[PDB]
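For the numbers below, each heavy atom of this structure counts, side chains included, while hydrogens, waters and symmetry mates do not. Every chain is numbered from 1, with letters handed out A, B, ... down the list of sequences.
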Amino acid sequence: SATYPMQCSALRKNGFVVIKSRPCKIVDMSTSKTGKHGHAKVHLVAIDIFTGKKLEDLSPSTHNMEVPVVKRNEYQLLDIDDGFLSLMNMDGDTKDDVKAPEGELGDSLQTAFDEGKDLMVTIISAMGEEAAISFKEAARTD
Amino acid sequence: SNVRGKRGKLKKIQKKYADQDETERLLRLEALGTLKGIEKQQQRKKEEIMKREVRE
Amino acid sequence: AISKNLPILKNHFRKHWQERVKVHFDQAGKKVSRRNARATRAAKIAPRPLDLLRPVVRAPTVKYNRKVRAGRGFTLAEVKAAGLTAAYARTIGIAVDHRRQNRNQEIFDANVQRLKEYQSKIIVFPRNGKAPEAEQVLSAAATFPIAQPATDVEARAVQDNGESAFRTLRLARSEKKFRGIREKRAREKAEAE
Amino acid sequence: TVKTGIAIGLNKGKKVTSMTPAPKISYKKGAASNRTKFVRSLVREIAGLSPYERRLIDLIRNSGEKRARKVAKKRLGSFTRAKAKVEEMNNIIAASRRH
Amino acid sequence: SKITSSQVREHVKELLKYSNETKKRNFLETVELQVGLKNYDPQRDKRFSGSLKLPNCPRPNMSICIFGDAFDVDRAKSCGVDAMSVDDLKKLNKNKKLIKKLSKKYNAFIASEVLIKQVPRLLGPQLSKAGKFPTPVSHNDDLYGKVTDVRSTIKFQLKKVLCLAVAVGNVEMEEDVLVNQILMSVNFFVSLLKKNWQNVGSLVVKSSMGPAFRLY
Amino acid sequence: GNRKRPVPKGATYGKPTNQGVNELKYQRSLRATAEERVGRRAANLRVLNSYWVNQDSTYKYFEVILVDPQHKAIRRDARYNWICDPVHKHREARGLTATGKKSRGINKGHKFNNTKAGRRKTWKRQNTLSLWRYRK
Amino acid sequence: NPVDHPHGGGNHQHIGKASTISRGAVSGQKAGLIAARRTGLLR
RNA sequence: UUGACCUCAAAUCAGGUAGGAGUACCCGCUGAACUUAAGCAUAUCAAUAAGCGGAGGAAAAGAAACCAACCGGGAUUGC
RNA sequence: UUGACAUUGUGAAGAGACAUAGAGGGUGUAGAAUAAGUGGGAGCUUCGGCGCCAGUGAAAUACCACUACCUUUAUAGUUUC
RNA sequence: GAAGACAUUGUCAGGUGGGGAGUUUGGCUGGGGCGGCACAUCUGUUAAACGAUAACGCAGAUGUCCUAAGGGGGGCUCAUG
Ligand SMILES: [Mg+2]
Ligand SMILES: [Mg+2]
């Protein structure tokens, strides 16, 4: 399956959750007892990985929250044209479906490709939507 | 005026802003803060052109 | 609730069923008053036989078409063949049903014969004069009983010619089952140029 | 349509000699009389057409009887009434073309 | 499938009738499928890309270059296919006019798994701009077999324009083979395409130096 | 239009299957309530029938036929003196007019097994428990 | 007390939610600043 | 000017009629929840109780826009 | 609160969208030229001329088609605003 | 006078709606709550040499992985010194 359930108390920091059908990454967790007799409630503060928005939800601790599958994958650039990166996989597979980043990451990547470094791109998959998060340079195998 | 969701706005101006003059119009949009949004949208267009110029 | 090896019961007593309980304590008294009503009706219609003449007629479904029974009234075609109008038959005591039809000649002939015997057996009084009193009977149904027709004779000769009466039934069922596909194949064979 | 004599099959049932009874007058209730035909023709001449009938006339003239029958099936209840309505409107088109 | 095999058979029949008998051409004529897709946006929708290998080759003689190592070049001597080594690529020294000349020289490129990393570093991104990027080959596989495979490759990639075209095959092949290849190419195209057989704008079959014929 | 359920502020105080307020429909017809108001206006008359004449978005318009059971032209004229029998007081209130029988469902057939001799009468008849002297 | 007002209740006297109320709110909810375009003391 | 017609009124005009009671049974409208489901929301209780309108010695229904598929039956009601 | 249908009739203009009938059109620089793109194409030729090798240019030129985007006329047209 | 086929009204359809309605808010447990899972399972032991056998007893494990890490055959012998 694309996504799998988990418990709120089983969740911990720097883990992925589904909040309002968005892949989110937790920055804050806090548990407070509801009433003296009652079970504690978990208040979760998380950041969407793709959009960067801050989303929070509180739930019972025993409640089950949905968790996405996030895969980070490593590729080499071939060209940046029309806002669409062209990447090259190990064993020689090529994809052009990735859109170029639109922020300061995209600006730095564009300048780095213009001045000619060999750039290593990390793109993540979660719940059927695809994006690029970071780039490095290959220190060896020039 | 033939793009989506514009006639819904145009009904309200006929409903409540028919009897108005431009001094009051500028005062109310400055007091409601939409003019700053229009300014920042045109500014974002300006850095959209400007970043291409700096790249060249 | 559920318990030892017992059948599953379905007793519909979850409403206020004790509000609707009819115990027929008045069976005997109701029978007595019913006989009283019959006797006072007979005294009121003192020559007439307390019930109309009903036709013999064939029972509807395949479970009951082997039997014959009493109908509501005679067909207008039956009373015209008997030779009297429907209004006159209704006045002299013959039940007439305007909405049943005659599709069976044996039933038609039986009802015409039954009307002929009724017209032979009754006495119709003049409307004005003497009234020659005639000691009523109380049941036209008992004076004209419904008789089941004799379908066959009890002894015959064996007429066997080799079809076994099972192959015949099976072939009839098969040709009914594969009727319409055969005319479909025949139609496409005919329109195949 | 005679019965076969056996209990199953196509014409199952007992063979009895038939009678073919006299036809009931209520079986001819929907039959059109001369006087009502004359009245219906005269009031059709007097009243003319309803708006959905006018737009059906345009649909046979432009978009054909298939779209005309689809619109008449949406407008009236059933496909049978739609077919009869499109047939009589086509008759009105032919008669007005003759006029 | 909206398109029917008998209609494909018919249109192939007048296509081969025009190409072979009535107006014969000296060069061998390739049969082309030109498609246009409908109600689709390159900017928002996912850019589909896919490839299939036809059983009988569309272009037997099209020029191919093999970038290769020592083993790959030694095998390429047996294959008879043009090759330049890693030392040759280093010679080239990222000069744009000569690599553009090479890109217009060779339609297809086949490269080794080892050297496919630094093919962009020696050559740059103008191969990705042209759309001719080298295909990986390994020591285990047969180079001439993969030359036949690449010569029989059919690739659909969206890009920016909403119309594509591929070469189904030659005029000179047999009619059933041409029908089967055009049918499997249309099926592959609609398999790559989302909401299949309804985002198909137009399908056109043509021969080289021939008129267009419209299949839906 | 519909019949709004007359409850204060829409609170029904029950299970959620009975929380509907707006889309509830009256079981009798507008023709029926029209002739019932006409009968209350002229209680000395007897309602015979009614027919539609006109409508708009707000109102439906009916014409009600009424017969005077005290007038001598209806006391005589044996075709119509059946309306003078006291069992025909407020036929429109008991649902004995044409639209009343239509709304009560009084028709022959297999489609009217619930409502053929009276819905409550049939319900009592098939919810009665019948016990005889010699128990069967 | 919370039975008597939206603002009632609590172990300290405080409003709880925001006091700016939507124009589309219903009777019994419109207690506070109804459809406020802005709040606070401007200078 | 006069005399009609249509429509709408007024009379302590001549003569009538309706209301209220009773309500076991009858014809309608409206309409729950307790309860059961070992919890509970559909369901059930129940097309019931409560509420409202209208009759009679019975009421209602009733002489097929019926049932059927048979060799066909033949208004309604009740067992 | 928003939309549709009905209540709901009577008149004029102006835009827009489809159907299918046909027309023309595309100029940063460089490059012989006005490069919308794609895909085929090494021979097509009507001139024995144009492409091809070669020049430049991201994109190359004949000879073919396709697809957008534009403007453009018309229908007893279909329609919406 | 104003307004005008727009409001209004009727019926559907989407949104909003603790203002209100109805209901729910596990179990084991050296009291309950927090904790844990002894709640479906597996290995060794407690376990008293057939079998069975408890505790919130002890030491651990499971919600997978594998087109071979399955099946057949052949050849060879491993850790360590
Ligand atoms: Mg109402
Ligand atoms: Mg408070």
Side-chain angles (χ1 to χ4, degrees), chain A residues 33 36-40 60 62, chain B residues 1-2 7-8, chain C residues 1 14-16 57-62 64-66 71-73 97 99-100 103-104 106-107, chain D residues 3 13-16 61-63, chain E residues 25-27 29-30 32 34-37 100 104 126 129-130 159-167 201-202 204 206 208-212, chain F residues 1-2 9-19 23 26-28 36 42-45 56-58 68-71 86-91 93-96 100 103-104 106-110 116-121 123 125 130, chain G residues 6 22 24-29:
Chain A
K33 306 285 294 300
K36 13 189 208 169
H37 321 106
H39 340 274
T62 74
Chain B
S1 290
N2 50 320
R7 68 154 184 274
Chain C
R14 289 170 183 266
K15 309 187 193 180
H16 293 155
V57 76
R58 181 72 70 176
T61 186
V62 65
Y64 292 108
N65 55 355
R66 64 170 200 276
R72 170 172 190 89
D97 189 15
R99 75 176 79 84
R100 68 177 277 251
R103 283 82 58 85
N104 204 316
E106 289 91 324
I107 291 296
Chain D
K3 305 302 213 299
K14 187 186 175 53
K15 300 159 154 300
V16 297
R61 288 186 200 277
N62 290 318
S63 309
Chain E
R25 264 88 174 186
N26 304 92
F27 84 112
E29 316 172 16
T30 58
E32 323 178 0
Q34 299 171 349
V35 309
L37 72 164
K100 284 163 63 178
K104 302 168 193 303
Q126 68 275 17
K129 296 167 177 169
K159 312 205 80 181
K160 74 181 78 69
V161 71
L162 298 172
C163 53
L164 304 182
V166 292
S202 285
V204 174
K206 183 175 72 68
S208 309
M209 282 315 79
Chain F
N2 299 344
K9 310 173 188 184
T12 59
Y13 306 109
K15 300 196 174 83
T17 184
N18 292 314
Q19 280 190 7
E23 311 156 280
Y26 185 40
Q27 284 306 317
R28 281 155 65 86
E36 184 177 1
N44 65 309
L45 275 285
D56 62 332
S57 65
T58 309
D68 182 11
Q70 277 84 39
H71 202 274
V87 304
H88 297 115
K89 302 179 190 165
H90 293 284
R91 311 159 68 240
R94 287 177 279 139
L96 302 176
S103 294
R104 281 158 66 220
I106 313 294
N107 266 314
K108 285 170 165 168
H110 72 285
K116 213 192 304 176
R119 186 195 97 206
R120 290 166 186 89
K121 198 194 184 187
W123 182 86
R125 197 267 317 282
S130 179
Chain G
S22 173
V26 305
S27 289
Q29 279 181 339

Legend entry - No-H, no-angle donor-acceptor pair, F:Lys108 side chain to H:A64 base, under 3.5 Å: yes
Inset, instruction - For the side chain of F:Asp56, starting at C-beta, report the closest nucleotide among I:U7, H:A60, J:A21. - result: I:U7
Inset, instruction - Report the nucleotide, chosen from J:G33, I:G39, H:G73, that has the shortest atom-to-atom distance to any side-chain atom of E:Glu32. - result: I:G39
Legend entry - Runs of at least three Watson-Crick or G-U pairs with RNA chain H, cut-off 3.5 Å: H:26-29 with H:51-54
Legend entry - Proximal nucleotide (of I:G40, H:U48, H:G72) relative to the C:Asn104 side chain: H:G72
Legend entry - Spacing between E:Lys104 atom NZ and I:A58 atom P, to the nearest angstrom: 10 Å
Inset, instruction - Can you figure out which of J:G19, H:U30, H:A55 approaches the side chain of F:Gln27 most closely? - result: H:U30
Legend entry - Any side-chain heavy-atom pair of C:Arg100 and C:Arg72 under 4.5 Å: no
Inset, instruction - Assign E:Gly210 to base, sugar-phosphate, or nothing according to its heavy-atom contacts below 4.0 angstrom with the strands shown. - result: sugar-phosphate
For nucleotides 43-48 of chain I, list the nitrogen or oxygen atoms of the protein found under 3.5 Å from its nitrogen or oxygen atoms, one pair per line.
from  : atom 1 : to      : atom 2 : distance (Å)
I:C44 : OP1    : E:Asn26 : N      : 2.5
I:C44 : OP1    : E:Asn26 : OD1    : 2.9
I:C44 : OP2    : E:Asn26 : OD1    : 3.1
I:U45 : OP1    : E:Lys23 : NZ     : 3.3

Inset, instruction - Flag the pair E:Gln34 / E:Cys163 as yes when at least one side-chain heavy-atom distance between them is below 4.5 Å, and no otherwise. - result: no
Legend entry - Short side-chain to backbone donor-acceptor contact, C:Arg58 and C:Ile107, under 3.5 Å: no
Inset, instruction - Return the value, rounded to whole Å, for the distance between atom CD1 of F:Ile106 and atom P of H:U76. - result: 14 Å
Inset, instruction - Report yes or no: is J:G10 base-paired to J:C28 (Watson-Crick or G-U wobble, both distances under 3.5 Å)? - result: no
Inset, instruction - Starting at atom CG of C:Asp97, determine the distance to atom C1' of H:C66, rounded to an integer number of angstrom. - result: 13 Å
Inset, instruction - With both distances required to be under 3.5 Å, indicate if I:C18 and I:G77 make a Watson-Crick or G-U pair. - result: yes
Legend entry - d(CG, F:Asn107; P, H:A63) in whole Å: 10 Å
What pairs of nitrogen or oxygen atoms, one from the protein and one from nucleotides 39-46 of chain H, lie under 3.5 Å apart?
from  : atom 1 : to      : atom 2 : distance (Å)
H:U42 : OP1    : F:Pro16 : N      : 3.4
H:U42 : OP1    : F:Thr17 : N      : 3.0
H:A43 : OP2    : F:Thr17 : OG1    : 3.3
H:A46 : OP2    : C:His16 : N      : 3.1

Inset, instruction - Could you work out which one of H:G74, H:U17, H:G54 sits closest to the side chain of C:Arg100? - result: H:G74
Legend entry - Separation between the P atoms of I:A42 and I:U71, rounded to whole Å: 39 Å
Inset, instruction - Select from E:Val161 and E:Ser202 the residue whose nearest nucleotide in RNA chain I is closer to the 5' end of that strand. - result: E:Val161
Inset, instruction - Identify whether any heavy atom of F:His88 sits under 4.0 Å from a base atom; if not, whether one sits that close to sugar-phosphate; answer base, sugar-phosphate or nothing. - result: nothing
Legend entry - N/O donor-acceptor pair under 3.5 Å between F:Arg104 side chain and F:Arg119 backbone: no
Inset, instruction - Examine H:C29: is either OP1 or OP2 under 4.0 Å from a nitrogen or oxygen in the side chain of F:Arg119? Give yes or no. - result: yes
Inset, instruction - Could you check whether F:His110 gets within reach of a base, just the sugar-phosphate, or nothing at all, counting any heavy atom under 4.0 Å? - result: sugar-phosphate
Inset, instruction - Check every strand shown and say whether C:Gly71 touches a base, only sugar-phosphate, or nothing at a heavy-atom separation below 4.0 Å. - result: sugar-phosphate
Inset, instruction - Look at the side-chain N and O atoms of F:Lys121 and state whether any lies under 4.0 Å from the OP1 or OP2 oxygen of H:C27. - result: no
Legend entry - Side chain to side chain, D:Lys14 and C:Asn65, heavy atoms closer than 4.5 Å: no
Legend entry - P gap between I:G41 and I:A60, integer Å: 15 Å
Inset, instruction - Establish whether I:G37 and I:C66 are paired, applying the Watson-Crick or G-U wobble definition with both distances under 3.5 Å. - result: yes
Legend entry - Rounded interatomic separation in angstrom, taking CZ from F:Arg120 and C1' from H:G31: 11 Å
Legend entry - Comparing F:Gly1 and F:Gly14 on RNA chain J - which has the more 5′ nearest nucleotide: F:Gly1
Inset, instruction - Examine J:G32: is either OP1 or OP2 under 4.0 Å from a nitrogen or oxygen in the side chain of A:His37? Give yes or no. - result: no
Legend entry - Partner check J:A61 against I:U7: Watson-Crick or G-U, both under 3.5 Å: no
Legend entry - Selection from J:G19, H:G54, H:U77 that lies nearest to any side-chain heavy atom of F:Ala117: H:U77
Inset, instruction - Send over the distance from E:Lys206 NZ to I:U38 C1', rounded to a whole Å. - result: 12 Å
Inset, instruction - With both distances required to be under 3.5 Å, indicate if I:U67 and I:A36 make a Watson-Crick or G-U pair. - result: yes
Inset, instruction - Spell out yes or no: do the side chain of E:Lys160 and the base of I:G37 have one donor N/O and one acceptor N/O closer than 3.5 Å? - result: no
Inset, instruction - Consider the side chain of E:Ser208, meaning its heavy atoms from C-beta on, and name the nucleotide among H:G56, I:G40, I:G57 that approaches it most closely. - result: I:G40
Legend entry - N/O (side chain, G:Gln29) to phosphate O (OP1/OP2, J:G18) under 4.0 Å: yes
Inset, instruction - Kindly indicate whether J:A68 forms a Watson-Crick or G-U wobble pair with J:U25, where both distances must fall under 3.5 Å. - result: no
Inset, instruction - Write down the distance separating the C1' atoms in H:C66 and H:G54, rounded off to the nearest Å. - result: 31 Å
Inset, instruction - Check if the side chain of F:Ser57 and the base of J:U9 share a donor-acceptor pair of N or O atoms closer than 3.5 Å. - result: yes
Legend entry - Euclidean distance for P, H:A69 against H:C34 (whole angstrom): 46 Å
Inset, instruction - Report the nucleotide, chosen from H:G72, I:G41, J:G26, that has the shortest atom-to-atom distance to any side-chain atom of C:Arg103. - result: H:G72
Inset, instruction - Examine H:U30: is either OP1 or OP2 under 4.0 Å from a nitrogen or oxygen in the side chain of F:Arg28? Give yes or no. - result: no
Inset, instruction - Respond yes when some side-chain nitrogen or oxygen of C:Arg99 is under 4.0 Å from OP1 or OP2 of H:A64, and no when none is. - result: yes
Inset, instruction - Just read off the sign of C1'-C2'-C3'-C4' for J:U25 and name the pucker, north if positive, south if negative. - result: north
Legend entry - Atom-to-atom span, OH of F:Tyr13 to P of H:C34 - whole angstrom: 16 Å
Inset, instruction - To the nearest Å, give me how far apart CG (E:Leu164) and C1' (I:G39) are. - result: 9 Å
Legend entry - Pair flag I:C50 x I:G43, Watson-Crick or wobble criteria, under 3.5 Å: yes
Legend entry - Touch class at under 4.0 angstrom, heavy-atom based, for E:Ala167 against every strand present: nothing
Legend entry - Given H:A55, I:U67, I:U7, the nucleotide with the shortest approach to the side chain of E:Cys163: I:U67
Inset, instruction - Please determine if a side-chain N or O atom of F:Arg104 lies less than 4.0 Å away from the OP1 or OP2 oxygen of H:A61. - result: yes
Legend entry - Watson-Crick or G-U pairing of J:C56 with J:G35, both H-bond distances under 3.5 Å: yes
Inset, instruction - Counting heavy atoms from C-beta on, name the nucleotide in J:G26, H:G54, H:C70 closest to the side chain of F:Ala93. - result: H:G54
Legend entry - Distance test, side-chain N/O of D:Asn62 to OP1/OP2 of I:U78, below 4.0 Å: yes
Inset, instruction - Decide yes or no, distance alone: a donor-acceptor N/O pair under 3.5 angstrom between the base of H:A75 and the side-chain of C:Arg72. - result: yes
Legend entry - Toward the 5' end of RNA chain I, by each residue's nearest nucleotide, E:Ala165 or B:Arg7: E:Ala165
